[PDB]
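1. please find the sequence and an experimentally derived structure below.
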Amino acid sequence: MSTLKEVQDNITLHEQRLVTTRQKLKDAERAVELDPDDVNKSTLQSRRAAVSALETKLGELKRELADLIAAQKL
């Protein structure tokens, strides 16, 4: 079993990235909270953007492994 192992590793990879990018989001939030300047606010935007996207792609990968499992089964 190549195939299934590698979709899993890629879910692993993205969850690790999500761990870190959520943290950076908390950092951008704290910073905007304390000083709402325009640079702070665009950093906050970008981090929100990266977390939403990783989360979107993780859903995709998980969906795709479930189908790959179901296809092997059938």
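-> Arrived safely, thanks for sending. Residues are numbered from 1 along each chain as shown.

2. so the spatially most central residue of the chain, which state does it fall into?
-> Of all residues in the chain, the one closest to the mean position by C-alpha atoms, centre = their mean is residue 54, 2.4 Å from it. Three-state secondary structure (criterion: DSSP: H, G, I helix; E, B strand; the rest coil) places residue 54 in helix.

3. ok, it to residue 35 distance?
-> To residue 35, residue 54 is 26 Å away according to C-beta to C-beta, to the nearest Å. In short, each C-beta sits where N, CA and C put it, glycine included.

4. then residue 15?
-> Going from residue 15 to residue 35 by C-beta to C-beta gives 31 Å.

5. the two: which has the busier surroundings?
-> Comparing residue 15 with residue 35 by other C-beta atoms under 10 Å, the one with more neighbours is residue 15, at 13 against 10.

6. wait, what's in contact with the more buried one?
-> residue 58 (C-beta atoms under 8 Å, 6 or more residues apart in numbering).

7. how about the helix or strand harbouring it: buried residues?
-> Using DSSP states H and E, the element containing residue 15 is helix 4-34. Within helix 4-34, the residues that count as buried by 16 or more other C-beta atoms under 10 Å are 7, 11, 14, 18, 21, 25, 28, 31, 32.

8. so the residue nearest to the centre of the chain is in contact with residue 16, correct?
-> No. Counting by C-beta atoms under 8 Å, residue 54 does not reach residue 16; the two are 10.2 Å apart.
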